[PDB]
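For this one, two forms of the same chain are given in structure tokens, first as structure 1 and then as structure 2.
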Structure 1
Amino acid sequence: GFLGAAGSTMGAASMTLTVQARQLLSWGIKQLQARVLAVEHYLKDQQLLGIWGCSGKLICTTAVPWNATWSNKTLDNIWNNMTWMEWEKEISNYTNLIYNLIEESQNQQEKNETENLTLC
């Protein structure tokens, strides 16, 4: 069920239910604010996936190297023995830096595709 694997390890989640639940669209001011906010959250997540080159995917591999400064743990102790809550909430405060690096990489890739005529 929705968030049912929240207590499971990171590599054990394998969930699609939490994005199906995010298909938000399947006196009067409060309802308009709730509907506008729901639309804004949907569009912001779609925009982020778009500019990262991740649109339409649930697992999106990028070309940004992992910096040990952000986390120096090995995969054996990230995808097992740890949950997504602990990872995102306690040991990751570099989210905006990483997102900026992802966006720079995607923009460089698209420009490189335009410049290199072997792909044209």
Structure 2
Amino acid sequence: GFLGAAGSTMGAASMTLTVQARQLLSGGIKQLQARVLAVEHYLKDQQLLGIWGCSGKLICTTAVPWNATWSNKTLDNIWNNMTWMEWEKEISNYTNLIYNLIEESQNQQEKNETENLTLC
């Protein structure tokens, strides 16, 4: 069910990403504004995945190393012993920092893809 994995560990919860993804689009003037706003939030997330180079994916790996200062827990204590709510709270102060690093990495990747040849 929708958010059924909310209390599950991150590992188990990562297996239901399509359940939450579908509910972002399907789930007087004030209601038209509400629909436009829901569309704007969806596109905001799609544009953010776009600049990160993660379009079309549910799970997208990057080339940004994980910094032990953000969290020094082992993977077993993250994926099997902690939920996503707890994780998002634990690294909340670094979320924007991580997002900026992802964008920077993609920008470097773009330079390595679009400027390899003269006018090509």
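Just so we're on the same page, rigid core means the largest C-alpha set that superposes within 1.5 Å between forms. Throughout, residue numbering runs from 1 along the sequence of structure 1.
Worksheet entry | Out of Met82, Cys60, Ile91, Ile51, the residue that alone shifts its CA by 2 Å or more between structures 1 and 2 when the rigid core is the reference | Of all the options, the C-alpha that shifts by at least 2 Å belongs to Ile91.
Worksheet item: 2 Å or more on the CA of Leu101 between structures 1 and 2, with the rigid core superposed, yes or no?
Response: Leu101 C-alpha, core-superposed: shift of less than 2 Å.
Worksheet item: Once everything's superposed on the core, is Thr9 shifted 2 Å or more at the Cα between structures 1 and 2?
Response: It does not, since the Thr9 C-alpha is displaced less than 2 Å between structures 1 and 2 after the core fit.
Worksheet item: Aligning on the rigid core, do we see the C-alpha of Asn112 shift 2 angstroms or more between structures 1 and 2?
Response: It does not, since the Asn112 C-alpha is displaced less than 2 Å between structures 1 and 2 after the core fit.
Worksheet item: If you line up the core, how far does the Cα of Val19 move between structures 1 and 2, in Å?
Response: On core superposition, this C-alpha lies 5.4 Å from its counterpart.
Practice prompt. After aligning on the rigid core, report the distance the C-alpha of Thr69 travels between structures 1 and 2, in angstrom.
Written response: Its C-alpha shift, to one decimal, is 0.5 Å.
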